[PDB]
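A.B. asks: Show me the folded form of this:
(3 chains, ligands or ions: 1)
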Amino acid sequence: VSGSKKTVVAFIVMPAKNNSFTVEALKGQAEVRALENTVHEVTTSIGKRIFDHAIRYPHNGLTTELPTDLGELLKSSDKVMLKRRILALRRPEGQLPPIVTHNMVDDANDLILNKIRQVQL
Amino acid sequence: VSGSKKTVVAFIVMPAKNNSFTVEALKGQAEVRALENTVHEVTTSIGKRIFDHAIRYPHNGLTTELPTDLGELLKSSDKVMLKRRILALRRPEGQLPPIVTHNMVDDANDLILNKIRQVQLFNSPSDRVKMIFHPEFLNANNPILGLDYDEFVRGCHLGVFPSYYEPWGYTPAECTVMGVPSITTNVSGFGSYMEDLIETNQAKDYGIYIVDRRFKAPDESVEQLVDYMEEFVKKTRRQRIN
Amino acid sequence: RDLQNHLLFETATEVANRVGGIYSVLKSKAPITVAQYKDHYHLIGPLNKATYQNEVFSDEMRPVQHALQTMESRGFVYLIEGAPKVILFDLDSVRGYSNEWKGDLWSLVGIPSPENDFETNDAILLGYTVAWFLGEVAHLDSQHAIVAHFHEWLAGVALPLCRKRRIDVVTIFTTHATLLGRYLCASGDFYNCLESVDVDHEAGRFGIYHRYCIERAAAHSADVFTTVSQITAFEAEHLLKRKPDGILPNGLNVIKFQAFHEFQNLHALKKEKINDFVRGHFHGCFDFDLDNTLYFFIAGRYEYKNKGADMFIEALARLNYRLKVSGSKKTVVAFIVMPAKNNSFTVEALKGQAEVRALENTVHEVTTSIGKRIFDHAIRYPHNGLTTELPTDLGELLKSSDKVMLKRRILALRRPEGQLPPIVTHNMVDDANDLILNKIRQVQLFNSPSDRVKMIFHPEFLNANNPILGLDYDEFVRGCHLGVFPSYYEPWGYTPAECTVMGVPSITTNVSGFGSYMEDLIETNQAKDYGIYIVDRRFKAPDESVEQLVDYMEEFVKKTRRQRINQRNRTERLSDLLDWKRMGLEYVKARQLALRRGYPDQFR
Ligand SMILES: O=P(O)(O)OC[C@H]1O[C@H](O)[C@H](O)[C@@H](O)[C@@H]1O
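C.D. replies: Numbering: from 1, shown residues only, chains lettered A, B, ... in the order given. The relevant structure is shown in the block below.
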């Protein structure tokens, strides 16, 4: 209502009978972790390209002290990787981030979860 | 003359009397190291920005999976430090990369340096061959070229040992053991031994180049040595590797 | 007509649409055919309205444009490395002519055509259309000799008539299997009692009758008849009642490295990724040495009998016994990569990778503090009472808090008492009824520590986007040591052929089209040294075949590293033989022979 731009992420840390973490929980952590590593790879090559330009300037037809076009730094193979990682992070259409990290033993009767489902958060 | 795109950097590793490395040799390594570090900081920032875009797409007005404009990744403070690092690498106007890594004790009278000066290999940009005299034993403890001798050799493409007196060529032998082709002479004990075992035209293919310093005038020897060198420079990578 | 400056028309169902294994063959072969024919080369296929958008003249070539115009006159769509020119005919824009045509066909050659056989329907439509098109060209172009190559029963409806209508163009037909062959190989002895089978009856019994005809017709109608491998030639002789004029083995578009030994480095790199996975999978039960461990794998479509999953698993159980008996210190981790119906990765799979990944991070932390301490000592010596150049007591470097976190990480890796590393990475939809898992359970390969052979079913396509084994298929292979593909029905072994190209030795069979090609080129004992192991599945009982397969695995396990390395070099040099640069010559020979047979202008 107040048009606040802030977000609140509310954690409930109360032990309940469960069957460990959900596949989704672990899978998403990994998917992001994969994206982190690919970016680290891509930046390293960008670094080699920036460095080459910097050590080489003003020779070999380099008008500018630094690269100015992203194309000089970012190559199609780099892009393909990054795009693959981004695709892996996609959620099925209409699926929302869950309200629970674990597989519950008695999910339908759980008080906390039923409360959340009642207020529709 | 041939319009070759190749470059040859030629090292001379022969100990002479010296007063250690030049300030310029050390300062230039540091200036380049400082550039590498600055680049590493800048690519870290870039990473965070690429990552943020990737994780957030297609939300928050992100059309396109990836950044498309360099401005999104590279920012003014990043550019400033990079430029500062580049500026520090600038040499005085008209100065050329030296032909020696050390402060020689007897610079003016040195035979090697005088010869270079005489043939006028001063590492000008139009020179397709470059000269670097390292008047000291290679050692991994050295602060500019932190390699032991054996390591350095492995790094190189071609050993060139056109000896006149050499009962046994320890050097081109060690060079061969490291899988690096060499040029030797037929008045060299090593070159003689290799001349004996292999047909001299077949020996070039096994990376053994032998110069005639026996049945040829010193000026013909040289044109042979040069013929060899140029032949090698014409080689492709695949050929070099094989 | 000019024979030297000829035209080339290649036709297949699989042209712009990836329905099956011919797609890849045509695609990979494009660069060499384009390289030779330039603009003269055209691919022809059916228009796949759904996905054709994805994949997407000169005067001496002018007759084409008018023939297309003529086809456009009567109410057609004109890519991949080599970028060959394509013609995709919209079959919906001609569906109405079918009844006239299906009848034409029925009286034409007595090829029935049930209304249900939607695939045959399309096959026919295509055939009549293409035959019509080529016929147009044949008149309209008078300079060039024309070559019309056709792939598979589905595309070979245009062939039959070209003999009937006596069109001036020369024809080639290649079959990449046989209909009866597949169908007999329904359950089970194909290769032995083959010569003694009835083509017409058994077809009628299978219920193709109509589709069998179209294949047989195509094979007979064709000026030149070809298969992809000896074993299939033998098969096609007795089943399609025509000995083929030759073999057209499937080549690959081999990507050569500037440095020959680069594949060797790639192997080591990819193997590190598999090691990483394996460490996680065996978290808590990790009692062997990866430096002395070998990675075997089978891969392909889930075809338990056909692709030899049964023989593989049986053999592995036997090998396991041999290695235990012989006291071998080696370990073999056997992967099965065959897609099955699953509910994705197991929590345990993901959790163990995480647990290891956390250990790695804590170690990395601990080692950096150790570093600061080693450094301090080194830079300080000999001052401040430092007797020695380096630390000598681990206590100086490793502190209590460091030990605590490490210990916690180790604890998190523990598995429940008696629990063994799984034999499957995924939650299966129908676990109890799964054949592979049944077979594994039966031979009792449950990854116990005393087992020298380990089992890991991965019932899903490999993909670098996977969260546990983050490798594309090609990478995974490189990483492994031995591919093992003991197939039964396989007109051409795409798999062990790919495996060879990655410099990885493989076990194949003599009933496999690939294995047949290799047993012809190389003396079979000499071939093992080039990393091609061929199992006898023709002149041996299944039990003997298994024991042979085991012998081969045991032989390979006994190899040293140096030997393994060298053999891989040997197998990679061999990958040349599978390059289109060499395999495309057989296509040439087939095409030139096709000229000599039909329009033989030259005495010599
Ligand atoms: O996987 P293996 O058969 O033990 O191969 C091990 C070897 O792989 C490649 O050849 C690497 O270049 C070697 O450094 C490594 O030692």
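A.B. asks: The residue in chain A positioned nearest to the ligand - how many residues pack around it?
C.D. replies: Nearest residue of chain A to the ligand, counting by CB to the nearest ligand atom: residue A:41, 21.1 Å away. In this view, the C-beta of every residue, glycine as well, is placed from N, C-alpha and C. Using other CB atoms under 10 Å in any protein chain shown, residue A:41 has 13 neighbouring residues.
A.B. asks: what helix or strand does the nearest residue to it once chain neighbours are set aside sit in?
C.D. replies: In this structure, residue A:41 finds its nearest non-sequential neighbour in residue A:81, 7.3 Å apart by CB to CB, 6 or more residues apart in numbering or on different chains. Using DSSP states H and E, residue A:81 sits within helix A:76-88.
A.B. asks: What is that helix packed up against?
C.D. replies: Helices and strands touching helix A:76-88, by 3 or more CB pairs under 8 Å, 6 or more residues apart in numbering or on different chains; DSSP states H and E, are helix A:23-56, helix B:23-56.
A.B. asks: so can I have JSON lines of those helices showing distance to residue A:112?
C.D. replies: Output for the helices and strands packed on helix A:76-88, formatted as JSON lines (distance: least, CB to CB, whole Å):
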{"stretch": "helix A:23-56", "distance to residue A:112": "17"}
{"stretch": "helix B:23-56", "distance to residue A:112": "29"}
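A.B. asks: Would you mind telling me which of the ones you listed is nearest residue A:104?
C.D. replies: Among these, helix A:23-56 comes nearest to residue A:104, with 12.7 Å by CB to CB.
A.B. asks: buried residues in that closest one?
C.D. replies: A:23-28, A:30-32, A:34-35, A:38-39, A:42-43, A:46-47, A:49-51, A:53-54 (16 or more other CB atoms under 10 Å in any protein chain shown).
A.B. asks: got a list of what the residue nearest to the spatial centre of chain A touches?
C.D. replies: Centroid-nearest residue in chain A: residue A:32, 4.4 Å away (criterion: CA atoms, centre = their mean). Going by CB atoms under 8 Å, 6 or more residues apart in numbering or on different chains, residue A:32 touches A:89, B:55.
A.B. asks: what's the closest non-adjacent residue to the residue with the largest distance to the centre of chain A?
C.D. replies: Largest separation from the mean C-alpha position in chain A: residue A:59, at 39.9 Å (CA atoms, centre = their mean). Closest residue to residue A:59 in three dimensions, ignoring its sequence neighbours and counting by CB to CB, 6+ apart: residue B:125, at 7.4 Å.
A.B. asks: quick one: residue A:75 and residue A:48 touch, right?
C.D. replies: No. Using CB atoms under 8 Å, residue A:75 is not in contact with residue A:48; the gap is 11.1 Å.
A.B. asks: Now for the two: what residues contact both?
C.D. replies: Overlap between the contact sets of residue A:75 and residue A:48, as judged by CB under 8 Å, 6+ apart, is nil.
A.B. asks: related to what we said a few turns ago, can you list phi and psi of the residue nearest to residue A:59 for me?
C.D. replies: For residue B:125, the backbone dihedrals are phi -60, psi -30 (criterion: degrees, to the nearest 10).
A.B. asks: Show me which positions of stretch A:66-73 end up buried.
C.D. replies: For stretch A:66-73, the neighbour count (16+ other CB under 10 Å) marks A:66, A:67, A:70, A:73 as buried.
A.B. asks: can you pull the contacts of the first one?
C.D. replies: Meaning residue A:66. A:50, A:53, A:54, B:74, B:79, B:82, B:83.
A.B. asks: give me that answer again for 10 Å
C.D. replies: Going by CB atoms under 10 Å, 6 or more residues apart in numbering or on different chains, residue A:66 touches A:50, A:53-54, A:57, A:72, B:42, B:70, B:74, B:78-79, B:82-83, B:86.
A.B. asks: what's the closest of the buried residues of stretch A:66-73 to chain C?
C.D. replies: Chain C has its nearest neighbour among the buried residues of stretch A:66-73 in residue A:73, at 22.8 Å by CB to the nearest CB.
A.B. asks: Now the two most distant members of the buried residues of stretch A:66-73.
C.D. replies: Spanning the widest gap among the buried residues of stretch A:66-73 are A:66 and A:70, at 11.9 Å by CB to CB.
A.B. asks: Residue A:115 and residue A:14 touch, don't they?
C.D. replies: No. Contact criterion CB atoms under 10 Å: residue A:115 and residue A:14 do not qualify, at 11.8 Å.
A.B. asks: Compare the two (neighbour count), which wins?
C.D. replies: residue A:115 (11 against 7).
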